[PDB]
Amino acid sequence: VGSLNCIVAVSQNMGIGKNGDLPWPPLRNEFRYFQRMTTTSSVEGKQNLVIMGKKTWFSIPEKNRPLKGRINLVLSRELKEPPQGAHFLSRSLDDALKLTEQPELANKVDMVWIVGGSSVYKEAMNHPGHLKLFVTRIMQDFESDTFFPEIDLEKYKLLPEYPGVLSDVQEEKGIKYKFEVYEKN
Ligand SMILES: NC(=O)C1=CN([C@@H]2O[C@H](COP(=O)(O)OP(=O)(O)OC[C@H]3O[C@@H](n4cnc5c(N)ncnc54)[C@H](OP(=O)(O)O)[C@@H]3O)[C@@H](O)[C@H]2O)C=CC1
Ligand SMILES: Nc1nc(=O)c2nc(CNc3ccc(C(=O)N[C@@H](CCC(=O)O)C(=O)O)cc3)cnc2[nH]1
Ligand SMILES: [K+]
């Protein structure tokens, strides 16, 4: 796999989660952005793969699992088999990427998206070679118990724009946010 994508939404205090859910009220267009970015593939015959930790999997409402139109892979050191509805299970990020090149997934996976949580992001972001980080900056503090680190501008560049990503401040339910894209090579 020659590129990875991470996608995350963060509060001003770097929060991503609280009590097994998001720290903020539901932002429907932000969710639709997540859906669009992770699902969209114009390569006929293939789907994108989403990789996530176990707590992130159980944080998705059961009626939306597995995430439709995507191959869903969960990371766990304890399971077993994939949780009910998930397509695949791997014991590490390295194992997950290796799995995509084996016969079952060989001609089936287009883009790989890392969708959380904290550990999965940390390792992906240190992974050699090309990485893009799609970061939604929610422009408020929210009480949180799970966090995303400050991005190191030594390794990553904030792209001034990116095709298909809106550049202006967004607002839903009185909450302002903006879509950012970072890249390292
Ligand atoms: N705002 C946002 O963009 C997002 C928010 N969230 C929020 O974050 C919280 C969940 O994230 P977090 O608490 O970080 O948990 P994770 O989703 O990362 O789940 C943690 C568990 O996943 C497994 N795991 C994680 N990394 C690896 C690895 N590299 N290899 C093998 N197994 C791994 C382990 O399972 P085991 O113990 O079975 O080994 C671990 O205990 C929730 O509040 C959720 O709502 C989640 C994603 C994005
Ligand atoms: N940008 C971004 N925003 C997030 O909310 C987000 N959340 C997580 C993990 N949490 C979740 C929670 C629910 C769903 C979910 O049910 N998504 C469905 C419905 C989308 C919609 O309502 O429009 C999906 O089909 O993607 C996805 C990820 C990871 N990266 C993110 N990245
Ligand atoms: K496709």
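Counting starts at 1 for both ligands and their atoms, in listed order. What you see below is based on every heavy atom in this structure, not just the backbone, and it leaves out hydrogens, waters and symmetry mates. Quick note: residue numbers are just sequence positions, from 1.
Here the heavy atom of the protein found nearest to atom 6 (C) of ligand 2 is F34 CD1, 4.1 Å. For atom 7 (N) of ligand 2, the closest heavy atom belonging to the protein is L22 CD2, 4.5 Å. Among protein heavy atoms, atom 8 (C) of ligand 2 sits closest to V115 O, 3.8 Å. Closest protein heavy atom to atom 15 (C) of ligand 2: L67 CD2, 3.8 Å. Among protein heavy atoms, the minimum distance from atom 30 (N) of ligand 2 is reached at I7 O, 3.4 Å. When hydrogens are left out, the protein atom nearest atom 20 (C) of ligand 2 is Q35 NE2, 2.4 Å; that is the closest non-hydrogen contact. Among protein heavy atoms, the minimum distance from atom 12 (C) of ligand 2 is reached at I60 CG1, 3.9 Å. Looking at atom 4 (C) of ligand 2, its nearest protein heavy atom turns out to be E30 OE1, 3.4 Å.
Proximity of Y121 to ligand 1, defined as any heavy-atom pair under 4.0 Å, is confined to the side chain (atoms from C-beta onward). Contacts between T136 and ligand 1 below 4.0 angstrom, taking non-hydrogen atoms only, are absent altogether. Looking at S92 against ligand 1, only its backbone comes within 4.0 Å, counting heavy atoms. For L27, no heavy-atom contact with ligand 2 is shorter than 4.0 Å. Of all the heavy atoms of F142, none lies under 4.0 Å from any atom of ligand 1, so neither backbone nor side chain is involved. Here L75 has heavy atoms under 4.0 Å from ligand 1 in both its backbone and its side chain. When non-hydrogen atoms are compared, ligand 1 lies under 4.0 Å from the backbone of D21 (N, CA, C, O) but not from its side chain. Contact annotation: for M52 versus ligand 1, there are no heavy atoms closer than 4.0 Å.
The line from OG of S3 to CE of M111 is 7.0 Å long, rounded to the nearest 0.5 Å. The CD atom of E143 sits 12.5 Å away from atom CH2 of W24, with the distance rounded to the nearest 0.5 Å. To the nearest 0.5 Å, atoms CD (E78) and CG (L89) are separated by 11.0 Å. The NZ atom of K184 sits 4.5 Å away from the CG atom of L131 when rounded to the nearest 0.5 Å. Atom OH of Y177 sits about 6.0 Å away from atom CD of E30, to the nearest 0.5 Å. Atom OG1 in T136 sits 11.5 Å away from atom NZ in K178 (nearest 0.5 Å).
Listed by number with element, the atoms of ligand 1 under 4.0 Å from a non-hydrogen atom of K18 are 43 (O). With ligand atoms numbered from 1 in the order given, ligand 2 contributes 16 (O) to contacts under 4.0 Å with heavy atoms of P61. Those atoms of ligand 1 that come under 4.0 Å of a heavy atom in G116, given as number and element, are 47 (C). If you number the atoms of ligand 1 from 1 as listed, the ones under 4.0 Å from a heavy atom of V115 come out as 47 (C), 48 (C). Close approach of ligand 1 to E123 (heavy-atom distance below 4.0 Å) involves ligand atoms 29 (N). Which parts of ligand 2 touch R32 is read off a 4.0 Å heavy-atom cut-off, strictly below it: atoms 23 (O). Within ligand 1, counting atoms from 1 as listed, the ones closer than 4.0 Å to a heavy atom of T146 are 8 (O), 11 (O), 12 (P), 13 (O), 14 (O). Set against the non-hydrogen atoms of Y121, the atoms of ligand 2 under 4.0 Å away are 29 (C), 30 (N).
Close N/O approach between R28 and ligand 2 is not found [any backbone or side-chain N/O within under 3.5 Å]. Where the criterion is an N or O separation shorter than 3.5 Å, residue side chain and backbone included, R77 meets it with respect to ligand 1. The N/O atoms of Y33, backbone and side chain alike, include none that comes under 3.5 Å of an N/O atom in ligand 2. Of the polar atoms of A9, at least one N or O is found under 3.5 Å from an N or O of ligand 1, judged by distance alone. For ligand 1, the polar-atom distance check against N19 finds no nitrogen or oxygen pair separated by under 3.5 Å.
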Given the rule in the side chain to side chain contact (heavy atoms under 4.5 Å, CB included) test, do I114 and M125 qualify, once you have shown the distances and angles that lead to the verdict? CA-CA 10 Å; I114 310 310; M125 283 169 61; over 6 Å; no
Is there a side chain to side chain contact (heavy atoms under 4.5 Å, CB included) between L75 and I51 once you walk through the steps? CA-CA 7 Å; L75 299 180; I51 297 176; 3.9 Å; yes
Pair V74-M52, side chain to side chain contact (heavy atoms under 4.5 Å, CB included): steps then yes or no: CA-CA 5 Å; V74 178; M52 68 192 86; 4.2 Å; yes
Report the C-alpha distance between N19 and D145 in whole Å, list the side-chain angles of each, state the deciding distance to 0.1 Å, and finish with yes or no for side chain to side chain contact (heavy atoms under 4.5 Å, CB included). CA-CA 7 Å; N19 294 326; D145 60 25; 3.7 Å; yes
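Although no hydrogens or angles enter the test, the distance criterion places a donor-acceptor pair under 3.5 Å between the side chain of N5 and the main chain of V112. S118 contributes a side-chain N or O that, together with a main-chain N or O of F147, makes up a donor-acceptor pair within less than 3.5 Å. Looking at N72, its side chain never comes within 3.5 Å of a backbone N or O of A86 through a donor-acceptor pair. Judged purely by atom type and a 3.5 angstrom limit, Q170 uses its side chain to pair as donor or acceptor with the backbone of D168.
Here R28 does not pair with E172 in a salt bridge; the nearest charged N to carboxylate O distance is not below 4.0 Å.
Aromatic ring orientation, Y33 versus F179: parallel (interplanar angle below 30°, classes split at 30° and 60°).
Residues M139 and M14 do not share a hydrophobic cluster, defined by chaining ILVMFWY side chains whose heavy atoms lie under 4.5 Å apart. Residues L166 and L27 share a single hydrophobic cluster, defined by chaining ILVMFWY side chains whose heavy atoms lie under 4.5 Å apart. At a threshold of 4.5 Å between side-chain heavy atoms, the hydrophobic network of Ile, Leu, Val, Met, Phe, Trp and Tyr places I60 and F31 in one connected group.
Residue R70 places a heavy atom under 4.0 Å from ligand 2. The closest approach between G116 and ligand 2 stays at or above 4.0 Å for every heavy atom of the residue. At least one heavy atom of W24 sits closer than 4.0 Å to an atom of ligand 1.
Of the listed residues (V120, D145, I138, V74), the one carrying the non-hydrogen atom nearest atom 25 (C) of ligand 1 is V120. Considering each of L79, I16, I7, the one bringing a non-hydrogen atom nearest atom 4 (C) of ligand 1 is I16.
For the pair O of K46 and OG of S41, the angle whose vertex sits at the K ion (ligand 3) is 90° to 10 degrees.
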